[PDB]
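Next up: a single chain in structure tokens, the form deposited in one PDB entry.
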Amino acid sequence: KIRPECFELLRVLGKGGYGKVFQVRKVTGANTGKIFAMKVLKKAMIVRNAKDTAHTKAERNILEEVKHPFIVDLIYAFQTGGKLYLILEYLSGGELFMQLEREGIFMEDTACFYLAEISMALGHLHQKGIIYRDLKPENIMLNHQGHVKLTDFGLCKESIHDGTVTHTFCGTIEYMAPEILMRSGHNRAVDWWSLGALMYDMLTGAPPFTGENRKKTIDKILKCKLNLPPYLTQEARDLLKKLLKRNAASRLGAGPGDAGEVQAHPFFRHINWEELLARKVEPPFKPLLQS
């Protein structure tokens, strides 16, 4: 019978308006001593909002259904009279964002590795009719070995909440597709845009469309006049041009082949997809080894 007293609170990993994420230690039952991450959501801050209650139920359902090496695992889920609990696998490798901050710019082979693993998580989700929608570096974590882990499937993590309509404008919009920003309707092609923005950020040190303020940034994304730096490889530039297109339906990955279309691009010519999925490829960075 899984209950809050089954877990010892160790430390706070994140604090938002909707609740906290803890590192926890299981203290009862078979797994005694096992370390997990625990997300604790404030019911009363959710129960009033309609789209927030829906999103809370969706995260629960997605994570329980999905089993994939590059997507964070849900272990337990339970409720009390005021809190929702999610017990997820503890991931010790930090955020992808931290590795990018350390390095400034990734070498092509480094970027290629992360983008390739991401393309597989993305492909798996699309098979199940799930859309990720924001591939900003802070949404991607690394496991203890340094392999990719997609992890934001639930409520906005912020404390302030830009307006009270949606949660699009609460964090950075620098990796979101134009059609998300316009709310004109969208589909899985949004994830391939976003993979392109993350790629551009990895290879140049900054996202493709950044302005002084939020309005100028939005305007740059909608205009979608891509500036390809001339020192990227021919392969990297060709993939970026194909991912970062205003017209969603013409992006690489947007057709019937989905991840298959992106994976067949020459930028990924040195990737063995069976060995990658099996995690037999050594990551460029091993967080346990880092200082």
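Numbering starts at 1 and follows the sequence shown. Rigid core: the largest C-alpha set superposing within 1.5 Å between the two forms. Shifts are known only where both forms have a C-alpha.
Not pictured, yet referred to below: the form deposited in another entry.
Participant: Just one of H265, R237, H55, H68 has a C-alpha that shifts by 2 Å or more between this form and the one not shown on a rigid core fit; which is it?
Facilitator: Shifted by 2 Å or more: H55 only.
Participant: Since the Cα separation of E59 and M38 moves by 3 Å or more in the other form, tell me which way: closer or farther than here.
Facilitator: Farther is correct, given that in the other form the C-alpha spacing of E59 to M38 is increased by at least 3 Å.
Participant: Just to spell it out: taking the C-alpha atom of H55 and the C-alpha atom of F7, is that distance smaller or larger in the other form than in the structure shown here, given it changes by 3 Å or more?
Facilitator: The answer is farther, because the C-alphas of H55 and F7 separate from each other in the other form by 3 Å or more.
Participant: After fitting on the rigid core, list every run of 3 or more consecutive residues where each C-alpha shifts 2 Å or more between this form and the one not shown, in sequence order.
Facilitator: Runs moving 2 Å or more: 47-56, 58-60, 158-160.
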